[PDB]
Every structure is written in structure tokens, then in C-alpha cells.
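Novice: Data: protein_39.cif, mmCIF, N, CA and C atoms.
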data_protein
loop_
_atom_site.label_atom_id
_atom_site.label_comp_id
_atom_site.auth_asym_id
_atom_site.auth_seq_id
_atom_site.Cartn_x
_atom_site.Cartn_y
_atom_site.Cartn_z
N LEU A 550 18.14 171.51 160.18
CA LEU A 550 18.36 172.53 161.20
C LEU A 550 19.83 172.74 161.52
N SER A 551 20.72 171.90 161.00
CA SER A 551 22.15 172.16 161.12
C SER A 551 22.51 173.42 160.33
N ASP A 552 23.65 174.01 160.68
CA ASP A 552 24.09 175.24 160.05
C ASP A 552 24.31 175.03 158.56
N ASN A 553 23.45 175.64 157.73
CA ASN A 553 23.55 175.56 156.28
C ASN A 553 23.54 176.98 155.73
N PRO A 554 24.72 177.57 155.52
CA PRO A 554 24.77 178.97 155.05
C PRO A 554 24.15 179.18 153.68
N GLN A 555 23.97 178.13 152.88
CA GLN A 555 23.29 178.24 151.60
C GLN A 555 21.81 177.93 151.70
N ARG A 556 21.20 178.17 152.86
CA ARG A 556 19.78 177.90 153.03
C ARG A 556 18.96 178.82 152.14
N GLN A 557 18.12 178.23 151.31
CA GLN A 557 17.32 178.97 150.34
C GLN A 557 15.94 179.24 150.92
N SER A 558 15.46 180.47 150.76
CA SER A 558 14.17 180.85 151.30
C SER A 558 13.04 180.22 150.49
N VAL A 559 11.90 180.04 151.15
CA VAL A 559 10.67 179.63 150.49
C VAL A 559 9.88 180.89 150.17
N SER A 560 9.49 181.04 148.91
CA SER A 560 8.84 182.25 148.43
C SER A 560 7.44 181.93 147.93
N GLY A 561 6.58 182.94 147.96
CA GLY A 561 5.22 182.80 147.51
C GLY A 561 4.34 182.12 148.53
N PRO A 562 3.25 181.50 148.07
CA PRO A 562 2.31 180.88 149.01
C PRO A 562 2.94 179.82 149.89
N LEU A 563 3.99 179.15 149.41
CA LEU A 563 4.64 178.13 150.21
C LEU A 563 5.30 178.69 151.46
N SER A 564 5.46 180.02 151.54
CA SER A 564 5.96 180.63 152.77
C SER A 564 4.94 180.59 153.90
N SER A 565 3.69 180.23 153.62
CA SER A 565 2.63 180.23 154.63
C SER A 565 2.31 178.83 155.13
N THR A 566 3.32 177.98 155.28
CA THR A 566 3.18 176.68 155.91
C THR A 566 4.15 176.59 157.08
N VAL A 567 3.85 175.71 158.03
CA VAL A 567 4.66 175.64 159.24
C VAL A 567 6.09 175.20 158.92
N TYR A 568 6.24 174.22 158.03
CA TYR A 568 7.57 173.76 157.64
C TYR A 568 8.35 174.88 156.95
N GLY A 569 7.72 175.54 155.98
CA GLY A 569 8.35 176.67 155.34
C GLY A 569 8.61 177.81 156.30
N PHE A 570 7.72 178.01 157.27
CA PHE A 570 7.95 179.05 158.27
C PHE A 570 9.18 178.76 159.10
N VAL A 571 9.37 177.50 159.51
CA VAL A 571 10.56 177.14 160.26
C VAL A 571 11.81 177.32 159.41
N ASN A 572 11.74 176.89 158.15
CA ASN A 572 12.89 177.05 157.26
C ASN A 572 13.25 178.51 157.07
N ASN A 573 12.24 179.37 156.92
CA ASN A 573 12.48 180.80 156.73
C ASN A 573 12.99 181.44 158.01
N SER A 574 12.48 181.01 159.16
CA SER A 574 12.88 181.59 160.43
C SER A 574 14.29 181.19 160.82
N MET A 575 14.75 180.02 160.37
CA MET A 575 16.10 179.60 160.70
C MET A 575 17.18 180.46 160.05
N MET A 576 16.81 181.53 159.34
CA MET A 576 17.77 182.37 158.64
C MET A 576 17.89 183.78 159.21
N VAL A 577 16.86 184.28 159.88
CA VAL A 577 16.90 185.66 160.36
C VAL A 577 18.03 185.83 161.36
N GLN A 578 18.62 187.02 161.36
CA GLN A 578 19.79 187.32 162.18
C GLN A 578 19.36 188.17 163.36
N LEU A 579 19.65 187.70 164.56
CA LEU A 579 19.42 188.52 165.74
C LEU A 579 20.58 189.51 165.92
N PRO A 580 20.31 190.68 166.51
CA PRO A 580 21.37 191.66 166.77
C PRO A 580 22.23 191.30 167.98
N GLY A 581 22.75 190.08 167.99
CA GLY A 581 23.53 189.58 169.10
C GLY A 581 24.96 189.22 168.73
N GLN A 582 25.61 190.08 167.94
CA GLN A 582 26.98 189.86 167.47
C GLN A 582 27.05 188.58 166.65
N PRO A 583 26.50 188.57 165.43
CA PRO A 583 26.36 187.32 164.68
C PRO A 583 27.69 186.60 164.48
N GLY A 584 27.64 185.28 164.55
CA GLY A 584 28.84 184.47 164.46
C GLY A 584 28.74 183.32 163.48
N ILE A 585 27.69 183.31 162.66
CA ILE A 585 27.56 182.30 161.61
C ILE A 585 28.54 182.62 160.50
N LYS A 586 29.32 181.62 160.09
CA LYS A 586 30.41 181.83 159.16
C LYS A 586 29.96 181.53 157.74
N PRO A 587 29.94 182.52 156.84
CA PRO A 587 29.73 182.22 155.42
C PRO A 587 30.82 181.29 154.92
N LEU A 588 30.44 180.39 154.02
CA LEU A 588 31.36 179.37 153.54
C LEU A 588 32.47 179.98 152.70
N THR A 589 33.68 179.44 152.84
CA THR A 589 34.85 179.96 152.15
C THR A 589 35.11 179.28 150.81
N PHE A 590 34.70 178.02 150.65
CA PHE A 590 34.95 177.26 149.43
C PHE A 590 33.61 177.04 148.73
N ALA A 591 33.18 178.02 147.94
CA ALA A 591 31.89 177.93 147.27
C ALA A 591 31.95 178.34 145.80
N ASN A 592 33.12 178.65 145.27
CA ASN A 592 33.26 179.06 143.88
C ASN A 592 34.24 178.22 143.08
N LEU A 593 35.17 177.53 143.75
CA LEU A 593 36.13 176.68 143.06
C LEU A 593 35.61 175.28 142.79
N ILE A 594 34.44 174.93 143.33
CA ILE A 594 33.78 173.66 143.03
C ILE A 594 32.35 173.99 142.63
N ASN A 595 32.07 173.90 141.34
CA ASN A 595 30.77 174.25 140.79
C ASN A 595 30.03 172.98 140.37
N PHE A 596 28.78 172.87 140.79
CA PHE A 596 27.92 171.74 140.43
C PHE A 596 26.76 172.28 139.59
N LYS A 597 26.87 172.13 138.28
CA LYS A 597 25.84 172.58 137.35
C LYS A 597 24.82 171.49 137.05
N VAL A 598 24.64 170.53 137.96
CA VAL A 598 23.68 169.47 137.73
C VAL A 598 22.27 170.02 137.90
N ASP A 599 21.43 169.79 136.89
CA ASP A 599 20.05 170.26 136.90
C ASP A 599 19.11 169.08 136.74
N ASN B 151 71.93 192.66 149.57
CA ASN B 151 71.15 193.89 149.51
C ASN B 151 71.77 194.94 148.59
N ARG B 152 73.01 194.74 148.15
CA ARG B 152 73.65 195.65 147.21
C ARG B 152 73.44 195.23 145.76
N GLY B 153 73.10 193.97 145.52
CA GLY B 153 72.93 193.44 144.19
C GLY B 153 73.77 192.20 143.96
N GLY B 154 73.65 191.67 142.74
CA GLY B 154 74.41 190.50 142.35
C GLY B 154 73.98 189.23 143.06
N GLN B 160 48.41 189.47 123.73
CA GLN B 160 47.63 189.31 122.51
C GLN B 160 46.14 189.47 122.80
N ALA B 161 45.43 190.11 121.87
CA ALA B 161 43.99 190.32 122.01
C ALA B 161 43.27 189.06 121.56
N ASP B 162 42.83 188.25 122.53
CA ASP B 162 42.17 186.97 122.27
C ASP B 162 40.81 186.98 122.96
N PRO B 163 39.76 187.48 122.30
CA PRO B 163 38.42 187.41 122.91
C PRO B 163 37.98 185.98 123.20
N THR B 164 38.43 185.01 122.40
CA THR B 164 38.09 183.61 122.66
C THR B 164 38.59 183.16 124.03
N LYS B 165 39.66 183.79 124.53
CA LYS B 165 40.15 183.46 125.87
C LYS B 165 39.08 183.69 126.93
N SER B 166 38.15 184.62 126.68
CA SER B 166 37.07 184.85 127.64
C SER B 166 36.24 183.59 127.86
N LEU B 167 36.19 182.70 126.86
CA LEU B 167 35.49 181.43 127.00
C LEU B 167 36.39 180.30 127.48
N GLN B 168 37.71 180.49 127.45
CA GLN B 168 38.62 179.45 127.92
C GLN B 168 38.62 179.32 129.44
N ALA B 169 38.06 180.29 130.15
CA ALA B 169 38.00 180.27 131.61
C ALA B 169 36.72 179.64 132.14
N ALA B 170 35.87 179.11 131.27
CA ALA B 170 34.61 178.51 131.69
C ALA B 170 34.79 177.18 132.41
N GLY B 171 35.95 176.54 132.28
CA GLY B 171 36.19 175.27 132.94
C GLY B 171 36.92 175.42 134.25
N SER B 172 37.82 176.40 134.33
CA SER B 172 38.58 176.69 135.54
C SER B 172 38.12 178.04 136.06
N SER B 173 37.48 178.04 137.23
CA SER B 173 36.86 179.24 137.79
C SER B 173 35.91 179.87 136.77
N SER B 174 34.85 179.11 136.49
CA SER B 174 33.96 179.31 135.34
C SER B 174 33.68 180.78 135.07
N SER B 175 34.02 181.21 133.85
CA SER B 175 33.82 182.60 133.44
C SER B 175 33.33 182.70 132.00
N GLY B 176 32.69 181.66 131.47
CA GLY B 176 32.22 181.70 130.11
C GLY B 176 31.11 182.71 129.92
N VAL B 177 31.43 183.83 129.26
CA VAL B 177 30.41 184.84 128.99
C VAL B 177 29.48 184.40 127.87
N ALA B 178 29.88 183.40 127.08
CA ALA B 178 28.96 182.85 126.09
C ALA B 178 27.75 182.21 126.74
N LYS B 179 27.93 181.61 127.92
CA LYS B 179 26.79 181.08 128.66
C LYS B 179 25.83 182.20 129.04
N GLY B 180 26.37 183.32 129.52
CA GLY B 180 25.52 184.45 129.82
C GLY B 180 24.80 184.98 128.59
N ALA B 181 25.51 185.08 127.47
CA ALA B 181 24.89 185.57 126.25
C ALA B 181 23.76 184.65 125.80
N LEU B 182 23.99 183.34 125.87
CA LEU B 182 22.95 182.38 125.52
C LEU B 182 21.75 182.50 126.45
N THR B 183 22.00 182.65 127.75
CA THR B 183 20.90 182.78 128.70
C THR B 183 20.09 184.04 128.42
N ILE B 184 20.77 185.16 128.16
CA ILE B 184 20.05 186.40 127.85
C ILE B 184 19.24 186.25 126.57
N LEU B 185 19.83 185.66 125.53
CA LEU B 185 19.10 185.52 124.27
C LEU B 185 17.88 184.62 124.43
N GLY B 186 18.03 183.52 125.16
CA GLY B 186 16.89 182.65 125.42
C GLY B 186 15.81 183.35 126.22
N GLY B 187 16.20 184.07 127.27
CA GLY B 187 15.22 184.81 128.04
C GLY B 187 14.52 185.88 127.23
N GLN B 188 15.25 186.52 126.32
CA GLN B 188 14.66 187.54 125.47
C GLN B 188 13.63 186.95 124.52
N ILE B 189 14.00 185.87 123.82
CA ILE B 189 13.02 185.28 122.91
C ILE B 189 11.83 184.76 123.69
N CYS B 190 12.07 184.23 124.89
CA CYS B 190 10.97 183.77 125.74
C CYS B 190 10.05 184.92 126.11
N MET B 191 10.61 186.06 126.54
CA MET B 191 9.79 187.18 126.97
C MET B 191 8.99 187.77 125.81
N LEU B 192 9.63 187.97 124.66
CA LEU B 192 8.91 188.52 123.51
C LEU B 192 7.81 187.58 123.04
N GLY B 193 8.09 186.28 122.95
CA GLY B 193 7.05 185.35 122.56
C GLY B 193 5.92 185.28 123.56
N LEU B 194 6.25 185.30 124.85
CA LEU B 194 5.22 185.29 125.88
C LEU B 194 4.35 186.53 125.80
N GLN B 195 4.96 187.70 125.60
CA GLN B 195 4.19 188.92 125.47
C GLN B 195 3.28 188.86 124.25
N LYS B 196 3.79 188.37 123.12
CA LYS B 196 2.97 188.27 121.92
C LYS B 196 1.79 187.33 122.14
N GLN B 197 2.04 186.17 122.76
CA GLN B 197 0.97 185.21 122.98
C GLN B 197 -0.07 185.74 123.95
N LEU B 198 0.36 186.40 125.03
CA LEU B 198 -0.60 186.98 125.96
C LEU B 198 -1.41 188.08 125.30
N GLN B 199 -0.77 188.90 124.46
CA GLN B 199 -1.51 189.94 123.75
C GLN B 199 -2.55 189.33 122.82
N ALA B 200 -2.17 188.28 122.09
CA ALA B 200 -3.13 187.64 121.20
C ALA B 200 -4.29 187.03 121.99
#
Rewrite the structure from the file as C-alpha cells, please.
Specialist:
Amino acid sequence: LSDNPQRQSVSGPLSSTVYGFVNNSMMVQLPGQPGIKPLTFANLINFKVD
Amino acid sequence: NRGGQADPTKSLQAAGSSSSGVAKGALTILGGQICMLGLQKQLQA
């Protein structure tokens, strides 16, 4: 629940669980002058670990 | 105040520093293409 600008959505049937619902809801933007900061250092350090 | 070379391979040399290897993209496209054609053929069969 901490601010994670790279939060990935849950798609498909997994979107219909309470945990996935909370994860998906933690991303919607209210029209209240948004102040969440997109990360600035996200391209100069690449992690291709699979 | 008065005074007094065309190297396409270079496109792959940037894959380590600010990764820009287009060969990775070409490989991904080719793999996805063979995957899609084979999948279509198998589903049709």
C-alpha cells in the first residue's frame, strides 16, 4: 500500500478478488489535483531478470 | 566579448548503455511471428 508508481494491474478473472480489487483500486486517480510523482530514474537502471 | 560514418552495427552498441539494441526487437518479432503462424496452423488442424 506504500506509493509504488510501477503498480501493475491485475487483469482477467483475477481482477474479481478482494485482494486484486484493492490492488486495482489503489491506482485510480481522483480529480483532486493529483500529486503522485512518477519516478524519475527508471530507464538508466534496467533489470532484465526473468 | 570582442574575441581572442554509416555504422548500422552501432545501433546494437547502445544495448548495454541506455539499452537500444534493435536486434532484440527483431528477435522478439521473429519469435512472435513464428509462434503465431504455428499456433494458427495447429488450431486450424
Novice: Taking only C-alpha atoms into account, what are the residues of chain B at most 12 Å from chain A, put as a ChimeraX atom specification?
Specialist: /B:170-175
Novice: Could you expand the PyMOL selection byres ((chain A and resi 571-587) around 7) into the explicit residues it covers here, written as JSON, numbers by chain?
Specialist: {"A": [554, 557, 558, 559, 566, 567, 568, 569, 570, 588, 589, 590]}
Novice: Padding 5 Å on each side, edges along x, y and z: where is the centre of the box around the listed atoms of range 176-180 of chain B, and how long are its edges in Å to one decimal? Output it as AutoDock Vina command-line options.
Specialist:
--center_x 28.7 --center_y 183.0 --center_z 128.8 --size_x 17.9 --size_y 13.9 --size_z 15.4
Novice: DSSP says helix (DSSP H, G or I) for which residues of chain A? Put them as a list in words?
Specialist: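 The helix (DSSP H, G or I) subset of chain A is residues 561, 562, 563, 564, 565, 567, 568, 569, 570, 571, 572, 573 and 574 of chain A.
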Novice: How many Å lie between CA of residue 591 in chain A and CA of residue 178 in chain B, rounded to one decimal?
Specialist: 21.9 Å
Novice: Could you jot down the atom N of residue 194 in chain B to atom C of residue 597 in chain A separation for me, Å, one decimal place?
Specialist: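 Taking atom N of residue 194 in chain B as the start and atom C of residue 597 in chain A as the end point, the length is 26.2 Å.
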Novice: What is the distance between atom N of residue 185 in chain B and atom C of residue 199 in chain B, in Å to one decimal?
Specialist: 22.8 Å
Novice: Working from the structure I just supplied, which lacks atoms in range 561-586 of chain A, can you model N, CA, C and O atoms there and output them as a PDB file, keeping the file's coordinate frame?
Specialist:
ATOM      1  N   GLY A 561       6.580 182.940 147.960  1.00  0.00           N
ATOM      2  CA  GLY A 561       5.220 182.800 147.510  1.00  0.00           C
ATOM      3  C   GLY A 561       4.340 182.120 148.530  1.00  0.00           C
ATOM      4  O   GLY A 561       4.611 182.145 149.737  1.00  0.00           O
ATOM      5  N   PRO A 562       3.250 181.500 148.070  1.00  0.00           N
ATOM      6  CA  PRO A 562       2.310 180.880 149.010  1.00  0.00           C
ATOM      7  C   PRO A 562       2.940 179.820 149.890  1.00  0.00           C
ATOM      8  O   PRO A 562       2.493 179.619 151.024  1.00  0.00           O
ATOM      9  N   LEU A 563       3.990 179.150 149.410  1.00  0.00           N
ATOM     10  CA  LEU A 563       4.640 178.130 150.210  1.00  0.00           C
ATOM     11  C   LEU A 563       5.300 178.690 151.460  1.00  0.00           C
ATOM     12  O   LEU A 563       5.670 177.923 152.347  1.00  0.00           O
ATOM     13  N   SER A 564       5.460 180.020 151.540  1.00  0.00           N
ATOM     14  CA  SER A 564       5.960 180.630 152.770  1.00  0.00           C
ATOM     15  C   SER A 564       4.940 180.590 153.900  1.00  0.00           C
ATOM     16  O   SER A 564       5.300 180.901 155.038  1.00  0.00           O
ATOM     17  N   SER A 565       3.690 180.230 153.620  1.00  0.00           N
ATOM     18  CA  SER A 565       2.630 180.230 154.630  1.00  0.00           C
ATOM     19  C   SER A 565       2.310 178.830 155.130  1.00  0.00           C
ATOM     20  O   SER A 565       1.148 178.500 155.383  1.00  0.00           O
ATOM     21  N   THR A 566       3.320 177.980 155.280  1.00  0.00           N
ATOM     22  CA  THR A 566       3.180 176.680 155.910  1.00  0.00           C
ATOM     23  C   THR A 566       4.150 176.590 157.080  1.00  0.00           C
ATOM     24  O   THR A 566       5.135 177.326 157.133  1.00  0.00           O
ATOM     25  N   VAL A 567       3.850 175.710 158.030  1.00  0.00           N
ATOM     26  CA  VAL A 567       4.660 175.640 159.240  1.00  0.00           C
ATOM     27  C   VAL A 567       6.090 175.200 158.920  1.00  0.00           C
ATOM     28  O   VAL A 567       7.055 175.743 159.462  1.00  0.00           O
ATOM     29  N   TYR A 568       6.240 174.220 158.030  1.00  0.00           N
ATOM     30  CA  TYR A 568       7.570 173.760 157.640  1.00  0.00           C
ATOM     31  C   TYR A 568       8.350 174.880 156.950  1.00  0.00           C
ATOM     32  O   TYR A 568       9.512 175.143 157.288  1.00  0.00           O
ATOM     33  N   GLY A 569       7.720 175.540 155.980  1.00  0.00           N
ATOM     34  CA  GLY A 569       8.350 176.670 155.340  1.00  0.00           C
ATOM     35  C   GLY A 569       8.610 177.810 156.300  1.00  0.00           C
ATOM     36  O   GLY A 569       9.615 178.518 156.167  1.00  0.00           O
ATOM     37  N   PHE A 570       7.720 178.010 157.270  1.00  0.00           N
ATOM     38  CA  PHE A 570       7.950 179.050 158.270  1.00  0.00           C
ATOM     39  C   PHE A 570       9.180 178.760 159.100  1.00  0.00           C
ATOM     40  O   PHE A 570       9.980 179.657 159.374  1.00  0.00           O
ATOM     41  N   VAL A 571       9.370 177.500 159.510  1.00  0.00           N
ATOM     42  CA  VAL A 571      10.560 177.140 160.260  1.00  0.00           C
ATOM     43  C   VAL A 571      11.810 177.320 159.410  1.00  0.00           C
ATOM     44  O   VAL A 571      12.825 177.851 159.871  1.00  0.00           O
ATOM     45  N   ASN A 572      11.740 176.890 158.150  1.00  0.00           N
ATOM     46  CA  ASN A 572      12.890 177.050 157.260  1.00  0.00           C
ATOM     47  C   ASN A 572      13.250 178.510 157.070  1.00  0.00           C
ATOM     48  O   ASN A 572      14.429 178.878 157.053  1.00  0.00           O
ATOM     49  N   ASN A 573      12.240 179.370 156.920  1.00  0.00           N
ATOM     50  CA  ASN A 573      12.480 180.800 156.730  1.00  0.00           C
ATOM     51  C   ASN A 573      12.990 181.440 158.010  1.00  0.00           C
ATOM     52  O   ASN A 573      13.842 182.337 157.969  1.00  0.00           O
ATOM     53  N   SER A 574      12.480 181.010 159.160  1.00  0.00           N
ATOM     54  CA  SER A 574      12.880 181.590 160.430  1.00  0.00           C
ATOM     55  C   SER A 574      14.290 181.190 160.820  1.00  0.00           C
ATOM     56  O   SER A 574      14.978 181.943 161.510  1.00  0.00           O
ATOM     57  N   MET A 575      14.750 180.020 160.370  1.00  0.00           N
ATOM     58  CA  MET A 575      16.100 179.600 160.700  1.00  0.00           C
ATOM     59  C   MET A 575      17.180 180.460 160.050  1.00  0.00           C
ATOM     60  O   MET A 575      18.366 180.154 160.213  1.00  0.00           O
ATOM     61  N   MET A 576      16.810 181.530 159.340  1.00  0.00           N
ATOM     62  CA  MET A 576      17.770 182.370 158.640  1.00  0.00           C
ATOM     63  C   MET A 576      17.890 183.780 159.210  1.00  0.00           C
ATOM     64  O   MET A 576      18.924 184.416 159.007  1.00  0.00           O
ATOM     65  N   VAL A 577      16.860 184.280 159.880  1.00  0.00           N
ATOM     66  CA  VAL A 577      16.900 185.660 160.360  1.00  0.00           C
ATOM     67  C   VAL A 577      18.030 185.830 161.360  1.00  0.00           C
ATOM     68  O   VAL A 577      18.386 184.905 162.103  1.00  0.00           O
ATOM     69  N   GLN A 578      18.620 187.020 161.360  1.00  0.00           N
ATOM     70  CA  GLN A 578      19.790 187.320 162.180  1.00  0.00           C
ATOM     71  C   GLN A 578      19.360 188.170 163.360  1.00  0.00           C
ATOM     72  O   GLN A 578      18.755 189.237 163.178  1.00  0.00           O
ATOM     73  N   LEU A 579      19.650 187.700 164.560  1.00  0.00           N
ATOM     74  CA  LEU A 579      19.420 188.520 165.740  1.00  0.00           C
ATOM     75  C   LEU A 579      20.580 189.510 165.920  1.00  0.00           C
ATOM     76  O   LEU A 579      21.708 189.225 165.518  1.00  0.00           O
ATOM     77  N   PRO A 580      20.310 190.680 166.510  1.00  0.00           N
ATOM     78  CA  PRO A 580      21.370 191.660 166.770  1.00  0.00           C
ATOM     79  C   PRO A 580      22.230 191.300 167.980  1.00  0.00           C
ATOM     80  O   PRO A 580      22.422 192.111 168.894  1.00  0.00           O
ATOM     81  N   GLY A 581      22.750 190.080 167.990  1.00  0.00           N
ATOM     82  CA  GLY A 581      23.530 189.580 169.100  1.00  0.00           C
ATOM     83  C   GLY A 581      24.960 189.220 168.730  1.00  0.00           C
ATOM     84  O   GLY A 581      25.459 188.175 169.145  1.00  0.00           O
ATOM     85  N   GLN A 582      25.610 190.080 167.940  1.00  0.00           N
ATOM     86  CA  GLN A 582      26.980 189.860 167.470  1.00  0.00           C
ATOM     87  C   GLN A 582      27.050 188.580 166.650  1.00  0.00           C
ATOM     88  O   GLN A 582      27.599 187.573 167.125  1.00  0.00           O
ATOM     89  N   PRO A 583      26.500 188.570 165.430  1.00  0.00           N
ATOM     90  CA  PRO A 583      26.360 187.320 164.680  1.00  0.00           C
ATOM     91  C   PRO A 583      27.690 186.600 164.480  1.00  0.00           C
ATOM     92  O   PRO A 583      28.728 187.229 164.254  1.00  0.00           O
ATOM     93  N   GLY A 584      27.640 185.280 164.550  1.00  0.00           N
ATOM     94  CA  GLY A 584      28.840 184.470 164.460  1.00  0.00           C
ATOM     95  C   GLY A 584      28.740 183.320 163.480  1.00  0.00           C
ATOM     96  O   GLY A 584      29.605 182.438 163.457  1.00  0.00           O
ATOM     97  N   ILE A 585      27.690 183.310 162.660  1.00  0.00           N
ATOM     98  CA  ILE A 585      27.560 182.300 161.610  1.00  0.00           C
ATOM     99  C   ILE A 585      28.540 182.620 160.500  1.00  0.00           C
ATOM    100  O   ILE A 585      28.595 183.754 160.005  1.00  0.00           O
ATOM    101  N   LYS A 586      29.320 181.620 160.090  1.00  0.00           N
ATOM    102  CA  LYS A 586      30.410 181.830 159.160  1.00  0.00           C
ATOM    103  C   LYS A 586      29.960 181.530 157.740  1.00  0.00           C
ATOM    104  O   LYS A 586      29.602 180.383 157.440  1.00  0.00           O
TER     105      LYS A 586
END
